[PDB]
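Asks: Data: model_27.cif, mmCIF, C-alpha atoms (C1' of nucleotides) and all ligand atoms.
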data_model
loop_
_atom_site.label_atom_id
_atom_site.label_comp_id
_atom_site.auth_asym_id
_atom_site.auth_seq_id
_atom_site.Cartn_x
_atom_site.Cartn_y
_atom_site.Cartn_z
CA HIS Q 6 72.43 85.17 83.90
CA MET Q 7 73.87 86.62 87.01
CA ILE Q 8 71.08 89.14 87.89
CA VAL Q 9 72.28 92.03 90.04
CA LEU Q 10 70.25 94.46 92.11
CA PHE Q 11 72.07 97.66 93.20
CA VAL Q 12 70.72 100.00 95.87
CA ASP Q 13 71.86 103.63 96.19
CA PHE Q 14 70.23 105.82 98.91
CA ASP Q 15 69.04 109.26 97.72
CA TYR Q 16 71.06 112.36 98.78
CA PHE Q 17 71.78 110.28 101.87
CA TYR Q 18 73.35 112.51 104.53
CA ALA Q 19 70.90 115.33 103.91
CA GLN Q 20 67.96 112.92 103.77
CA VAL Q 21 68.86 111.44 107.16
CA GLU Q 22 68.87 114.98 108.57
CA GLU Q 23 65.40 115.44 107.03
CA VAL Q 24 64.17 112.14 108.52
CA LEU Q 25 65.49 113.24 111.95
CA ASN Q 26 63.80 116.65 111.58
CA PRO Q 27 60.96 116.36 109.02
CA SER Q 28 60.17 120.05 109.08
CA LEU Q 29 63.30 120.33 106.92
CA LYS Q 30 61.69 118.65 103.89
CA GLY Q 31 61.07 120.86 100.90
CA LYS Q 32 63.62 123.35 102.24
CA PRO Q 33 67.11 123.40 100.69
CA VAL Q 34 69.36 121.42 103.06
CA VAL Q 35 73.16 121.51 103.01
CA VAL Q 36 75.29 119.14 105.12
CA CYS Q 37 78.69 120.75 105.72
CA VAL Q 38 82.19 119.80 106.77
CA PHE Q 39 83.52 122.77 108.79
CA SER Q 40 87.32 122.97 109.00
CA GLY Q 41 87.63 125.75 111.58
CA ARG Q 42 90.13 127.97 109.73
CA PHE Q 43 87.62 130.81 109.51
CA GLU Q 44 83.89 131.70 109.49
CA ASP Q 45 82.53 129.11 107.07
CA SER Q 46 85.77 127.48 105.97
CA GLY Q 47 85.05 124.00 104.74
CA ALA Q 48 83.19 122.09 102.05
CA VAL Q 49 79.74 120.66 101.37
CA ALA Q 50 79.45 116.90 102.01
CA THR Q 51 76.13 116.86 100.15
CA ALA Q 52 72.84 118.70 99.66
CA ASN Q 53 69.26 117.65 98.97
CA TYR Q 54 67.83 118.18 95.48
CA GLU Q 55 66.16 121.43 96.47
CA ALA Q 56 69.65 122.92 96.89
CA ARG Q 57 71.22 121.08 93.93
CA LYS Q 58 68.75 122.78 91.57
CA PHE Q 59 70.83 125.90 92.14
CA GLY Q 60 74.34 124.48 91.94
CA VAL Q 61 74.89 123.67 95.60
CA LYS Q 62 76.36 120.18 95.53
CA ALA Q 63 78.98 117.96 97.14
CA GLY Q 64 82.50 119.31 96.95
CA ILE Q 65 81.91 123.07 96.76
CA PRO Q 66 83.08 125.49 99.50
CA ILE Q 67 80.52 126.35 102.16
CA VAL Q 68 81.17 130.03 101.41
CA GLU Q 69 80.33 129.57 97.73
CA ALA Q 70 77.21 127.65 98.77
CA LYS Q 71 76.01 130.45 101.05
CA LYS Q 72 76.56 133.07 98.34
CA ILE Q 73 74.12 131.11 96.16
CA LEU Q 74 71.60 130.08 98.83
CA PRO Q 75 72.05 132.30 101.90
CA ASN Q 76 68.73 131.18 103.42
CA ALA Q 77 69.28 127.44 103.04
CA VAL Q 78 69.61 125.25 106.15
CA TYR Q 79 73.27 124.50 106.91
CA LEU Q 80 74.02 121.58 109.24
CA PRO Q 81 77.31 120.03 110.38
CA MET Q 82 78.07 116.53 109.10
CA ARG Q 83 77.11 113.81 111.65
CA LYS Q 84 78.58 110.67 110.02
CA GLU Q 85 78.13 108.42 113.09
CA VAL Q 86 74.38 108.97 112.87
CA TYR Q 87 74.23 108.40 109.11
CA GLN Q 88 76.31 105.24 109.48
CA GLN Q 89 73.97 103.73 112.07
CA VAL Q 90 70.92 104.51 109.92
CA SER Q 91 72.80 102.94 107.00
CA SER Q 92 73.58 99.77 108.97
CA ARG Q 93 69.90 99.22 109.71
CA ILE Q 94 69.00 99.64 106.05
CA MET Q 95 71.72 97.20 105.03
CA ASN Q 96 70.25 94.69 107.47
CA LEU Q 97 66.86 94.96 105.76
CA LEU Q 98 68.56 94.26 102.44
CA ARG Q 99 70.25 91.12 103.79
CA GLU Q 100 66.68 89.78 103.96
CA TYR Q 101 66.32 89.77 100.18
CA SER Q 102 69.53 87.88 99.50
CA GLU Q 103 72.36 86.13 101.27
CA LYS Q 104 74.85 87.32 98.67
CA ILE Q 105 75.26 91.03 99.39
CA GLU Q 106 78.13 93.45 98.88
CA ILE Q 107 78.01 96.58 100.99
CA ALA Q 108 80.04 98.88 98.75
CA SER Q 109 79.85 101.99 100.96
CA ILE Q 110 77.84 103.85 103.57
CA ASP Q 111 74.98 104.20 101.13
CA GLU Q 112 75.19 101.54 98.43
CA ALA Q 113 74.93 97.75 98.20
CA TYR Q 114 74.74 95.14 95.48
CA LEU Q 115 72.52 92.08 95.85
CA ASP Q 116 72.94 88.98 93.70
CA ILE Q 117 69.33 87.88 93.24
CA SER Q 118 70.02 85.23 90.61
CA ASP Q 119 68.84 82.19 92.55
CA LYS Q 120 66.20 84.44 94.08
CA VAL Q 121 64.13 85.15 90.99
CA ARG Q 122 64.31 84.75 87.20
CA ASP Q 123 63.97 87.19 84.29
CA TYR Q 124 63.79 90.96 84.87
CA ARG Q 125 60.06 91.37 85.59
CA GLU Q 126 60.46 89.56 88.90
CA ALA Q 127 63.66 91.57 89.31
CA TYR Q 128 61.80 94.85 88.86
CA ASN Q 129 59.04 93.86 91.30
CA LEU Q 130 61.50 92.71 93.93
CA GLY Q 131 62.92 96.22 93.59
CA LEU Q 132 59.69 98.05 94.37
CA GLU Q 133 59.26 95.73 97.38
CA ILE Q 134 62.75 96.65 98.63
CA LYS Q 135 62.20 100.35 97.93
CA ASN Q 136 58.81 100.32 99.66
CA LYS Q 137 60.15 98.26 102.56
CA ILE Q 138 62.98 100.76 103.10
CA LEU Q 139 60.62 103.72 102.71
CA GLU Q 140 58.18 102.23 105.22
CA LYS Q 141 60.75 101.01 107.75
CA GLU Q 142 63.28 103.87 107.81
CA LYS Q 143 61.48 106.41 105.62
CA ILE Q 144 64.40 106.80 103.23
CA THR Q 145 63.96 106.92 99.46
CA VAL Q 146 66.51 105.04 97.34
CA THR Q 147 67.21 104.32 93.70
CA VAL Q 148 67.43 100.79 92.37
CA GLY Q 149 69.53 99.62 89.43
CA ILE Q 150 69.18 96.17 87.89
CA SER Q 151 71.33 94.54 85.21
CA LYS Q 152 73.53 91.54 84.40
CA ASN Q 153 76.64 92.64 86.33
CA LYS Q 154 77.57 95.13 89.07
CA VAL Q 155 78.82 97.87 86.77
CA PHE Q 156 75.64 98.15 84.71
CA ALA Q 157 73.37 97.83 87.75
CA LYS Q 158 75.20 100.86 89.17
CA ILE Q 159 74.85 102.69 85.83
CA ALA Q 160 71.14 101.85 85.79
CA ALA Q 161 70.80 103.53 89.18
CA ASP Q 162 72.76 106.64 88.12
CA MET Q 163 70.32 107.01 85.20
CA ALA Q 164 67.19 106.72 87.34
CA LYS Q 165 68.21 108.97 90.24
CA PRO Q 166 66.51 110.22 92.35
CA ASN Q 167 63.99 107.80 93.90
CA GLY Q 168 63.94 105.63 90.82
CA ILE Q 169 64.28 102.03 89.70
CA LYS Q 170 65.65 100.82 86.42
CA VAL Q 171 66.49 97.69 84.48
CA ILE Q 172 69.18 97.49 81.83
CA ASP Q 173 68.47 94.30 79.87
CA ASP Q 174 71.02 92.54 77.67
CA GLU Q 175 69.85 94.55 74.65
CA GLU Q 176 70.33 97.97 76.20
CA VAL Q 177 73.69 96.83 77.57
CA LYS Q 178 74.82 96.23 74.00
CA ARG Q 179 73.51 99.68 73.08
CA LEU Q 180 75.37 101.34 75.99
CA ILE Q 181 78.69 99.68 75.14
CA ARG Q 182 78.43 101.68 71.92
CA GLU Q 183 76.48 104.65 73.25
CA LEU Q 184 77.72 105.39 76.74
CA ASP Q 185 80.17 108.21 77.35
CA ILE Q 186 83.19 106.29 78.69
CA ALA Q 187 83.52 108.98 81.36
CA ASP Q 188 80.23 107.76 82.85
CA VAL Q 189 81.67 104.29 83.44
CA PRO Q 190 82.36 103.76 87.16
CA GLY Q 191 86.06 103.88 87.97
CA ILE Q 192 86.81 106.36 85.22
CA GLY Q 193 87.65 109.80 86.60
CA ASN Q 194 88.76 113.05 84.93
CA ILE Q 195 92.33 111.82 84.78
CA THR Q 196 91.59 108.50 83.11
CA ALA Q 197 88.83 110.18 81.08
CA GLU Q 198 91.38 112.63 79.66
CA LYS Q 199 93.87 109.84 78.88
CA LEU Q 200 91.17 107.83 77.09
CA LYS Q 201 90.27 110.78 74.86
CA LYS Q 202 93.81 111.32 73.57
CA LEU Q 203 93.79 107.62 72.67
CA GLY Q 204 90.56 108.17 70.75
CA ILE Q 205 88.38 106.23 73.18
CA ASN Q 206 85.09 108.01 73.97
CA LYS Q 207 82.95 104.86 74.31
CA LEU Q 208 83.53 101.40 75.78
CA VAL Q 209 83.48 99.95 72.27
CA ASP Q 210 86.44 102.15 71.30
CA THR Q 211 88.73 100.23 73.70
CA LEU Q 212 88.61 97.21 71.39
CA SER Q 213 89.95 99.23 68.44
CA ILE Q 214 93.23 99.91 70.23
CA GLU Q 215 96.46 98.01 70.85
CA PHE Q 216 96.19 96.46 74.31
CA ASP Q 217 99.79 97.32 75.22
CA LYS Q 218 99.06 100.89 74.23
CA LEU Q 219 95.99 100.91 76.51
CA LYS Q 220 97.86 99.17 79.32
CA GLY Q 221 100.64 101.66 78.72
CA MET Q 222 98.45 104.70 79.30
CA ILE Q 223 95.96 103.67 81.99
CA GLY Q 224 97.49 100.58 83.54
CA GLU Q 225 96.97 96.85 83.22
CA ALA Q 226 94.09 96.56 85.69
CA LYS Q 227 92.03 99.42 84.27
CA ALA Q 228 92.79 98.27 80.72
CA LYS Q 229 91.44 94.76 81.39
CA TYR Q 230 88.42 96.19 83.23
CA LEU Q 231 87.34 98.32 80.28
CA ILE Q 232 88.11 95.75 77.57
CA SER Q 233 86.18 93.21 79.61
CA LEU Q 234 83.13 95.50 79.80
CA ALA Q 235 83.31 96.34 76.10
CA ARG Q 236 83.23 92.61 75.32
CA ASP Q 237 80.09 92.33 77.42
CA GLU Q 238 82.22 90.01 79.53
CA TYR Q 239 82.67 91.85 82.85
CA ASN Q 240 81.32 89.54 85.50
CA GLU Q 241 82.75 90.15 88.97
CA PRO Q 242 81.06 88.20 91.79
CA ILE Q 243 79.25 89.99 94.59
CA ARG Q 244 81.31 89.49 97.76
CA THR Q 245 81.37 90.70 101.33
CA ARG Q 246 83.84 93.54 101.77
CA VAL Q 247 85.62 94.00 105.06
CA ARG Q 248 87.07 97.19 106.54
CA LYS Q 249 90.83 97.34 105.87
CA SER Q 250 91.72 100.77 107.24
CA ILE Q 251 90.70 103.19 109.96
CA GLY Q 252 92.07 106.72 110.04
CA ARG Q 253 91.58 110.31 111.07
CA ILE Q 254 92.86 113.61 109.71
CA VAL Q 255 92.16 117.09 111.02
CA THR Q 256 92.78 120.61 109.75
CA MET Q 257 95.06 122.70 111.94
CA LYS Q 258 94.00 126.22 112.92
CA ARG Q 259 96.94 127.45 110.84
CA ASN Q 260 99.55 125.83 108.59
CA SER Q 261 102.85 124.86 110.20
CA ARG Q 262 106.18 123.04 110.24
CA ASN Q 263 106.69 123.34 113.98
CA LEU Q 264 106.69 119.83 115.45
CA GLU Q 265 105.29 120.78 118.88
CA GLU Q 266 102.53 122.71 117.17
CA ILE Q 267 101.44 119.80 114.99
CA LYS Q 268 101.72 117.04 117.61
CA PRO Q 269 98.44 117.83 119.48
CA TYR Q 270 96.46 117.44 116.27
CA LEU Q 271 98.33 114.28 115.32
CA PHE Q 272 97.74 112.79 118.76
CA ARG Q 273 94.08 113.82 118.66
CA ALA Q 274 93.94 111.92 115.38
CA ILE Q 275 95.38 108.74 116.89
CA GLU Q 276 93.11 108.89 119.93
CA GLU Q 277 90.01 108.87 117.78
CA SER Q 278 91.54 106.36 115.37
CA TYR Q 279 92.00 103.93 118.26
CA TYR Q 280 88.52 104.39 119.64
CA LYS Q 281 87.27 103.50 116.16
CA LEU Q 282 89.54 100.49 115.90
CA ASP Q 283 87.20 98.66 118.28
CA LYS Q 284 88.95 95.39 119.15
CA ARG Q 285 90.88 95.46 115.88
CA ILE Q 286 94.65 95.46 116.24
CA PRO Q 287 96.70 96.94 113.37
CA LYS Q 288 100.22 95.97 112.30
CA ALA Q 289 100.69 99.01 110.03
CA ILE Q 290 100.51 102.73 110.75
CA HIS Q 291 100.82 105.68 108.37
CA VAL Q 292 101.05 109.35 109.17
CA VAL Q 293 99.28 111.41 106.51
CA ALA Q 294 100.01 115.06 105.82
CA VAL Q 295 98.12 117.47 103.59
CA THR Q 296 100.40 120.37 102.68
CA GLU Q 297 99.53 124.04 102.24
CA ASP Q 298 99.23 123.45 98.47
CA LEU Q 299 96.72 120.67 99.09
CA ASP Q 300 99.21 117.97 98.23
CA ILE Q 301 99.13 114.65 100.13
CA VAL Q 302 102.36 113.15 101.45
CA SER Q 303 102.72 110.15 103.77
CA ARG Q 304 105.21 107.99 105.63
CA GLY Q 305 104.39 104.67 107.23
CA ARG Q 306 105.73 101.46 108.70
CA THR Q 307 104.48 97.89 109.06
CA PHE Q 308 105.42 96.01 112.23
CA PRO Q 309 105.72 92.21 112.73
CA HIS Q 310 103.16 92.50 115.51
CA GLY Q 311 100.25 94.68 116.59
CA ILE Q 312 100.64 98.34 117.49
CA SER Q 313 99.81 99.41 121.06
CA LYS Q 314 98.62 103.01 121.41
CA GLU Q 315 101.88 103.97 123.14
CA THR Q 316 103.75 102.55 120.15
CA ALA Q 317 101.52 104.40 117.67
CA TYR Q 318 102.18 107.68 119.51
CA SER Q 319 105.95 107.17 119.46
CA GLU Q 320 106.12 105.94 115.85
CA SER Q 321 103.78 108.69 114.60
CA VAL Q 322 106.17 111.40 115.76
CA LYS Q 323 109.05 109.69 113.96
CA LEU Q 324 107.04 109.53 110.69
CA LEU Q 325 105.94 113.17 110.99
CA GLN Q 326 109.66 114.02 111.36
CA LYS Q 327 110.44 112.06 108.20
CA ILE Q 328 107.76 114.09 106.40
CA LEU Q 329 108.93 117.51 107.67
CA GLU Q 330 112.51 116.52 106.89
CA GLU Q 331 111.80 115.18 103.41
CA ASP Q 332 109.16 117.74 102.38
CA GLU Q 333 109.84 121.48 102.59
CA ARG Q 334 106.23 122.73 102.50
CA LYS Q 335 104.13 123.82 105.47
CA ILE Q 336 101.57 121.32 106.72
CA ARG Q 337 97.89 122.17 106.60
CA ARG Q 338 96.22 118.89 107.57
CA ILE Q 339 97.69 116.06 109.63
CA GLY Q 340 96.38 112.62 110.50
CA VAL Q 341 96.99 108.90 110.78
CA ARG Q 342 95.84 105.67 109.17
CA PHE Q 343 95.97 102.20 110.73
CA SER Q 344 95.78 99.04 108.66
CA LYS Q 345 96.74 95.37 108.19
CA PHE Q 346 94.60 94.24 111.12
CA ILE Q 347 95.74 91.09 112.89
"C1'" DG N 1 113.94 85.89 85.35
"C1'" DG N 2 111.00 86.11 88.95
"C1'" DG N 3 108.23 85.44 93.48
"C1'" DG N 4 107.00 88.24 97.52
"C1'" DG N 5 106.51 92.14 99.97
"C1'" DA N 6 106.97 96.94 101.73
"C1'" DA N 7 106.74 101.80 100.62
"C1'" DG N 8 104.90 106.27 98.57
"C1'" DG N 9 102.17 108.10 95.39
"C1'" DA N 10 98.05 108.20 91.94
"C1'" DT N 11 93.23 107.86 91.02
"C1'" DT N 12 88.49 107.16 92.24
"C1'" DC N 13 84.43 107.84 94.81
"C1'" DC N 14 81.33 107.53 99.05
"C1'" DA J 1 88.10 122.67 100.27
"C1'" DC J 2 86.48 118.30 104.05
"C1'" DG J 3 87.55 108.77 104.68
"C1'" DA J 4 88.75 104.45 102.40
"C1'" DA J 5 89.89 101.05 98.50
"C1'" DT J 6 92.73 99.53 94.60
"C1'" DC J 7 96.22 99.88 91.68
"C1'" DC J 8 100.98 101.55 89.87
"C1'" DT J 9 105.92 102.43 90.12
"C1'" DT J 10 109.97 101.65 92.32
"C1'" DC J 11 112.99 99.19 95.67
"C1'" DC J 12 114.71 95.41 97.75
"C1'" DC J 13 116.08 90.56 99.22
"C1'" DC J 14 116.78 86.28 97.21
"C1'" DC J 15 116.78 81.77 94.92
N1 LIG Q 401 82.66 114.56 103.33
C1 LIG Q 401 82.22 114.20 102.13
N2 LIG Q 401 81.24 113.30 102.00
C2 LIG Q 401 80.79 112.91 100.80
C3 LIG Q 401 81.33 113.43 99.63
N3 LIG Q 401 80.70 112.86 98.61
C4 LIG Q 401 79.79 112.02 99.10
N4 LIG Q 401 79.83 112.06 100.43
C5 LIG Q 401 78.97 111.29 101.37
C6 LIG Q 401 77.69 112.06 101.69
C7 LIG Q 401 76.78 111.58 100.56
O1 LIG Q 401 75.42 111.79 100.94
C8 LIG Q 401 77.11 110.09 100.67
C9 LIG Q 401 76.59 109.36 99.43
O2 LIG Q 401 77.25 109.88 98.28
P1 LIG Q 401 76.48 110.02 96.87
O3 LIG Q 401 77.64 110.36 95.81
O4 LIG Q 401 75.74 108.80 96.47
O5 LIG Q 401 75.57 111.35 96.95
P2 LIG Q 401 74.12 111.46 97.65
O6 LIG Q 401 73.93 110.06 98.10
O7 LIG Q 401 74.39 112.59 98.58
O8 LIG Q 401 73.39 112.00 96.32
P3 LIG Q 401 72.61 111.11 95.22
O9 LIG Q 401 71.14 111.12 95.40
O10 LIG Q 401 73.22 109.62 95.22
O11 LIG Q 401 73.04 111.73 93.80
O12 LIG Q 401 78.55 110.08 100.71
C10 LIG Q 401 82.36 114.37 99.72
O13 LIG Q 401 82.85 114.86 98.70
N5 LIG Q 401 82.81 114.76 100.98
CA CA Q 402 73.41 108.03 96.98
CA CA Q 403 76.39 106.19 96.55
CA CA Q 404 83.36 109.86 85.50
#
Step by step, read the file and then write its structure as structure tokens.

Replies:
Amino acid sequence: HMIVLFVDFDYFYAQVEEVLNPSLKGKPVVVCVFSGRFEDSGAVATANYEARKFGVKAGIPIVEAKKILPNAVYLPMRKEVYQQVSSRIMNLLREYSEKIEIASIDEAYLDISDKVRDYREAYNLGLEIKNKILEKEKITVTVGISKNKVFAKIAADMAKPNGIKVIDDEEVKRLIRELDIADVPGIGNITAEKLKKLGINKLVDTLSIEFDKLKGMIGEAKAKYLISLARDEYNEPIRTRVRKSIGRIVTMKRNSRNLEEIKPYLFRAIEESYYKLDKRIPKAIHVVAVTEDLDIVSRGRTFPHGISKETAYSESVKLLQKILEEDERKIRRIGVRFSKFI
DNA sequence: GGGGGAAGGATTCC
DNA sequence: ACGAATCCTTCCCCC
């Protein structure tokens, strides 16, 4: 009887760019992450639907994008801006419920149980929220409504873009039998592939398997998550999430193993990681390396007290040395991550 | 046998 | 090809 309302902003980064420069609307827009290795080295962060019609979507190389749509509008990612627009929209949402879970820069779950009853009122509260967000910030979003967070999210995926949908108890039961298990949040290609070999292509299929076999192949946590959803029993509460890590990682002009060559990038990473820390003081620091073969290796250390920036600098070099020493590959990307805030 | 935690990697998804 | 959360496996120290 928990009634959950999930909000997911439409093609967010690109839409914010449109809002900030309305002449862009209707034109294919592609927000890019430029790495600096060469001409258009980098990847697409996201694109509006005009561009997605033709295959230009999040994750593909900018070069592949331009081959497909050479006359599209290509803009560099401005996350700070998108984050501030997001914050304002999240504030508007806090008005519809006091129980809100900001899941990311562009999604939030609202528990509107003691805010309205039955789904009709749920649906209407959705249009109000959509309209309110469209009128106030001029951003279109998709609303998903169901009994728990997972199905509210699924409802939204099904109604994208600029939609609103309700998945009532009856359809839930149908989806537990009908839904491709790969479409269940938290299930990626890796877990999807493991679930197939076990003969699980639908949530329901997880109940026809030996738990220890499931647990054995995908882990205890994931196993209980899926079984729980198949039993129409998943029911996680909507809570306030708090930042737990702040980091930065940059691509070097060229790959390397030379310490003095990597340092400047690593220190640049820490500088910006600290400015983002605000007043937050971390007890743990990790140096993260992305190797030439796009592998991710890391070495860290937790201290029994906070880490001053001079300490972070000194410790980061020691961890980068551990990496170079323990890993033979050249380093492509280097950065740092601070956590366990006092 | 287990609690309790740190450490490095795996997997997922804004 | 360009940030952050959770869980898993392995160690480790210890009662
Ligand atoms: N840098 C980078 N940013 C991403 C990536 N994927 C998503 N983002 C950022 C930008 C997206 O606009 C934002 C929201 O992600 P979504 O998966 O919901 O996609 P978007 O909202 O763009 O499209 P949508 O209408 O929800 O299908 O998160 C990525 O692969 N790299
Ligand atoms: Ca979205
Ligand atoms: Ca999203
Ligand atoms: Ca999937």

Asks: Can you pull out every residue within 12 Å of residue 70 in chain Q, counting all atoms listed in the file, but drop anything in the same chain fewer than 3 positions away, and send it as a PyMOL selection string?

Replies: chain Q and resi 33-37+45-52+56-57+59-67+73-79

Asks: Please dump the current selection as an mmCIF file, keeping the file's coordinate frame; keep C-alpha atoms.

Replies:
data_model
loop_
_atom_site.group_PDB
_atom_site.id
_atom_site.type_symbol
_atom_site.label_atom_id
_atom_site.label_comp_id
_atom_site.auth_asym_id
_atom_site.auth_seq_id
_atom_site.Cartn_x
_atom_site.Cartn_y
_atom_site.Cartn_z
ATOM 1 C CA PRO Q 33 67.110 123.400 100.690
ATOM 2 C CA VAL Q 34 69.360 121.420 103.060
ATOM 3 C CA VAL Q 35 73.160 121.510 103.010
ATOM 4 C CA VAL Q 36 75.290 119.140 105.120
ATOM 5 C CA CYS Q 37 78.690 120.750 105.720
ATOM 6 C CA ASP Q 45 82.530 129.110 107.070
ATOM 7 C CA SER Q 46 85.770 127.480 105.970
ATOM 8 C CA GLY Q 47 85.050 124.000 104.740
ATOM 9 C CA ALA Q 48 83.190 122.090 102.050
ATOM 10 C CA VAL Q 49 79.740 120.660 101.370
ATOM 11 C CA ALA Q 50 79.450 116.900 102.010
ATOM 12 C CA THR Q 51 76.130 116.860 100.150
ATOM 13 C CA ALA Q 52 72.840 118.700 99.660
ATOM 14 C CA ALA Q 56 69.650 122.920 96.890
ATOM 15 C CA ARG Q 57 71.220 121.080 93.930
ATOM 16 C CA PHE Q 59 70.830 125.900 92.140
ATOM 17 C CA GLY Q 60 74.340 124.480 91.940
ATOM 18 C CA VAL Q 61 74.890 123.670 95.600
ATOM 19 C CA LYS Q 62 76.360 120.180 95.530
ATOM 20 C CA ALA Q 63 78.980 117.960 97.140
ATOM 21 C CA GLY Q 64 82.500 119.310 96.950
ATOM 22 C CA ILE Q 65 81.910 123.070 96.760
ATOM 23 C CA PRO Q 66 83.080 125.490 99.500
ATOM 24 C CA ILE Q 67 80.520 126.350 102.160
ATOM 25 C CA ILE Q 73 74.120 131.110 96.160
ATOM 26 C CA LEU Q 74 71.600 130.080 98.830
ATOM 27 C CA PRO Q 75 72.050 132.300 101.900
ATOM 28 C CA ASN Q 76 68.730 131.180 103.420
ATOM 29 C CA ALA Q 77 69.280 127.440 103.040
ATOM 30 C CA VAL Q 78 69.610 125.250 106.150
ATOM 31 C CA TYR Q 79 73.270 124.500 106.910
#

Asks: Pull the neighbourhood of (107.1, 97.1, 103.8) for me: all residues within 7 Å in file coordinates, counting only C-alpha atoms (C1' of nucleotides), as a ChimeraX atom specification.

Replies: /Q:306-307 /N:5-7

Asks: Kindly provide, as an MDAnalysis selection string, all nucleotide and amino acid residues lying within 10 Å of ligand CA 403 (chain Q), counting all atoms listed in the file.

Replies: (chainID Q and resid 12:17 108:113 146:147 158 161:162) or (chainID N and resid 13:14)

Asks: Could you give me, as JSON lines, a per-residue list for chain J showing, wherever an atom lies at most 12 Å from an atom of ligand LIG 401 (chain Q), the closest pair of atoms and their distance in Å to one decimal, using only C-alpha atoms (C1' of nucleotides) and all ligand atoms and sorting by chain then residue number from low to high?

Replies:
{"residue": "J:1", "atom": "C1'", "partner": "Q:LIG401", "partner_atom": "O13", "distance": 9.5}
{"residue": "J:2", "atom": "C1'", "partner": "Q:LIG401", "partner_atom": "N1", "distance": 5.4}
{"residue": "J:3", "atom": "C1'", "partner": "Q:LIG401", "partner_atom": "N1", "distance": 7.7}
{"residue": "J:4", "atom": "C1'", "partner": "Q:LIG401", "partner_atom": "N2", "distance": 11.6}

Asks: Throw together the list of residues within 9 Å of ligand CA 404 (chain Q), counting only C-alpha atoms (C1' of nucleotides) and all ligand atoms, and drop it here as a PyMOL selection string.

Replies: (chain Q and resi 185-194+196-197) or (chain N and resi 12)

Asks: Please, could N, CA and C atoms be added to range 73-87 of chain Q and the result written as a compact mmCIF listing (two decimals), keeping the file's coordinate frame?

Replies:
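Final output, saved to selection-v2.txt:
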# COMPACT_ATOMS: atom_id res chain seq x y z
N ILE Q 73 75.22 131.51 97.02
CA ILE Q 73 74.12 131.11 96.16
C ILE Q 73 72.79 130.98 96.91
N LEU Q 74 72.81 130.28 98.04
CA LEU Q 74 71.60 130.08 98.83
C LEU Q 74 71.80 130.51 100.27
N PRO Q 75 71.85 131.82 100.52
CA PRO Q 75 72.05 132.30 101.90
C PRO Q 75 70.99 131.90 102.92
N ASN Q 76 69.78 131.57 102.48
CA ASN Q 76 68.73 131.18 103.42
C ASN Q 76 68.51 129.67 103.52
N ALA Q 77 69.40 128.89 102.94
CA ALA Q 77 69.28 127.44 103.04
C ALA Q 77 69.57 127.03 104.49
N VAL Q 78 69.34 125.76 104.80
CA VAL Q 78 69.61 125.25 106.15
C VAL Q 78 70.97 124.56 106.08
N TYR Q 79 71.91 125.05 106.88
CA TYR Q 79 73.27 124.50 106.91
C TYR Q 79 73.51 123.75 108.21
N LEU Q 80 73.80 122.45 108.09
CA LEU Q 80 74.02 121.58 109.24
C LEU Q 80 75.37 120.87 109.19
N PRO Q 81 76.01 120.70 110.35
CA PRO Q 81 77.31 120.03 110.38
C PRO Q 81 77.16 118.53 110.13
N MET Q 82 78.10 117.96 109.38
CA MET Q 82 78.07 116.53 109.10
C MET Q 82 78.10 115.68 110.38
N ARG Q 83 77.17 114.74 110.50
CA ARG Q 83 77.11 113.81 111.65
C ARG Q 83 77.18 112.38 111.11
N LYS Q 84 78.36 111.99 110.63
CA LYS Q 84 78.58 110.67 110.02
C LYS Q 84 78.21 109.45 110.86
N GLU Q 85 78.48 109.51 112.17
CA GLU Q 85 78.13 108.42 113.09
C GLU Q 85 76.66 108.08 112.93
N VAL Q 86 75.82 109.12 112.99
CA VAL Q 86 74.38 108.97 112.87
C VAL Q 86 73.99 108.36 111.52
N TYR Q 87 74.54 108.91 110.44
CA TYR Q 87 74.23 108.40 109.11
C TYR Q 87 74.66 106.94 108.97
